[PDB]
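Order of appearance sets the numbers: ligands from 1, and atoms from 1 within every ligand. Order of the sequence lines fixes the chain letters, A, B, ..., with proteins taken first and strands second; residue numbering starts at 1 for each chain. Hydrogens, waters and symmetry mates are skipped; everything else that's a heavy atom, side chains included, is used.
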Amino acid sequence: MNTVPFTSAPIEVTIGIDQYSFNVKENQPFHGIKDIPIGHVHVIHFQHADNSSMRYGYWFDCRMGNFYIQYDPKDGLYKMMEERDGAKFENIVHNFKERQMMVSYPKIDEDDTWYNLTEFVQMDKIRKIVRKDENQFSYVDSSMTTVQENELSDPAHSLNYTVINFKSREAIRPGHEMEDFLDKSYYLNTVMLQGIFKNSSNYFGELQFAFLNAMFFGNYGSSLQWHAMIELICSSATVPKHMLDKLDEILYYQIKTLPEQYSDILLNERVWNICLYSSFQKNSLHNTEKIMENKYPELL
Amino acid sequence: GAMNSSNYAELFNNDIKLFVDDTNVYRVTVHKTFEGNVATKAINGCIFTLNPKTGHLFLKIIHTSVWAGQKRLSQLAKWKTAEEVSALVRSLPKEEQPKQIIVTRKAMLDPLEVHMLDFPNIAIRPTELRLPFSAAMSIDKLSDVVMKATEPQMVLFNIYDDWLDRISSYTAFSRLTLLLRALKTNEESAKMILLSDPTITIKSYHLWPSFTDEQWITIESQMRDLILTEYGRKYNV
Ligand SMILES: O=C1CN(C(=O)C2CCCC2)CCN1
């Protein structure tokens with residue numbers, strides 16, 4: 001297990017860790033989060049009590065360094081930082097643990113939710129989407145735009161998701177205009193999988209990362225990317241069986257975790273109805289179709 | 001974006017534009033089979049591509065062989081249309097290529113957009129105008145060349161004959177759409193109006209009769225009467 005200590009909590013804030021949320025009061029004796037499962041990426045996230053504007057947070061992996069959180073009263077936000085003095089860090093964490101000033105990452109015997117939401121997500125790939133090479137962790141917030149949104153503005157603060165555009169020369173082979181538009185297999189398998197992502201694991205990782213940025217920060221361009229990556233698969237007539245089976249599992253856990261109350265703004269009615277009922281893969285996503293029909297039948 | 005009554009004079013400005021109408025590309029007769037099932041037989045069709053400013057009609061004849069062994073022909077027909085318009089554009093000198101292409105049916109937008117990706121500066125637009133270009137096959141000389149084609153062929157016409165010597169393109173388009181609307185509403189009567197006077201003929205190099213200005217005013221009123229007549233017969237008014 002690993003630990004993300006907090007220097008202090010000077011402003012009242014709702015703190016997220018992965019799929020959990022908890023409240024810290026202004027100047028409450030809070031010094032961090034312990035028992036964080038090694039082996040996964042994690043996200044620690046924030047929504048200030050006095051200005052819900054800007055959810056923000058940090059993607060990190062405890063295997064890569066010793067990280068802590070410290071409020072900056074000038075920039076007005078909780079910042080992640082790396083402590084290079086490993087003995088200083090271990091000494092700090094131990095004191096805070098001895099004084100029980102840390103909330104424990106829950107350990108649940110019957111739940112594998114976070115694994116199932118981050119199975120293909122790697123810190124190395126997050127750091128290529130979120131470019132800030134001098135840190136081992138990655139800052140994301142509500143307002144950050146994607147490279148694709150920026151083509152239709154600060155390049156340093158952008159989400160560099162892979163651009164997917166169905167009416168683009170990359171998507172459509174000269175002389176196969178009808179074929180490629182109505183059956184996106186070429187774009188999926190040759191352009192994206194073989195060409196850009198190299199394998200389906202990297203494709204799923206970006207899809208999963210996009211969903212989590214949509215859900216945890218309300219990041220609109222992230223929701224657009226997540227739906228585009230689903231639609232590209234569902235709109236391809238030729239998809240390897242293992243990718244369809246895995247996609248069904250990925251989406252099932254994503255729909256399962258979605259706050260019931262946010263489905264109106266996180267789910268695109270057109271994409272979902274197309275994917276489940278009209279697309280080539282309309283009969284290949286049994287688990288996802290079942291949870292969608294029982295959880296959000298209005299959307300359909 | 002879309003073209004409608006608010007931006008109608010744009011049709012006659014000096015930016016090159018084309019209307020594309022696909023309603024006569026895929027044409028069939030429905031009939032009974034010996035077993036008493038139903039089957040279609042395709043007949044030759046045409047793409048109706050029109051410069052409203054100049055009258056230049058690019059009539060791409062769609063021969064029935066293009067459907068042989070193909071499935072989902074009504075969908076294929078939109079893509080074949082976009083394929084042929086894109087080929088036409090590429091065949092034109094740069095300074096003749098359109099700045100906008102207006103499709104008369106919104107189902108032509110994505111096919112044409114996809115085929116024109118190489119031309120990002122050509123706007124592909126719908127329209128809220130209900131244009132009567134389906135009636136193009138009621139013009140005898142166009143119907144003749146389509147039905148006689150034995151192979152794919154492009155034929156060029158001026159659908160305005162020599163009217164632009166005497167009237168503006170706005171007025172010429174107004175006449176053309178009134179004639180086509182009438183041919184669409186009651187073809188027999190419209191042709192009777194157009195051809196009831198043997199002394200007014202259609203020149204070999206023309207599509208419509210050689211009416212004087214005063215005779216066009218008469219013809220144009222008879223066409224409006226017919227459209228109003230049929231409107232009464234239709235709704236019992
Ligand atoms: O992060 C935490 C942990 N908590 C839990 O474990 C509650 C929430 C769902 C599981 C029971 C709430 C306190 N904060």
Requested in this report: Take atom 4 (N) of ligand 1 and look for protein heavy atoms under 4.0 Å from it; say yes if you find one, no if not.
Outcome: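 Neighbour list for atom 4 (N) of ligand 1 is empty of protein heavy atoms (cut-off 4.0 Å).
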
Report task. Please test B:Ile47 against B:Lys80 for side-chain contact (heavy atoms from CB on, under 4.5 Å), starting from the C-alpha separation and ending with a verdict. Result -> CA-CA 10 Å; B:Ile47 301 161; B:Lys80 176 54 176 207; 5.8 Å; no

Query - Ring-ring centroid check A:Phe96 A:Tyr68, cutoff 6.0 Å - result: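 No, too far apart.
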
Among all the protein's non-hydrogen atoms, which is closest to [atom], and how far away is it?
atom	result
atom 14 (N) of ligand 1	A:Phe22 CB, 3.8 Å
atom 10 (C) of ligand 1	A:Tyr20 CE2, 4.2 Å
atom 12 (C) of ligand 1	A:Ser21 O, 4.8 Å

Query - Polar contact flag, side-chain donor to acceptor under 3.5 angstrom, A:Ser222-A:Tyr161 - result: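 Judged by distance alone, the side chains do pair up.
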
**Report entry** ring-ring contact (aromatic ring centres under 6.0 Å, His included), paired with A:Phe46, selected from A:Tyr71, A:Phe217, A:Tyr56
**Finding:**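 Between A:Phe46 and the candidates, ring-ring contact (aromatic ring centres under 6.0 Å, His included) is satisfied uniquely by A:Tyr56.
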
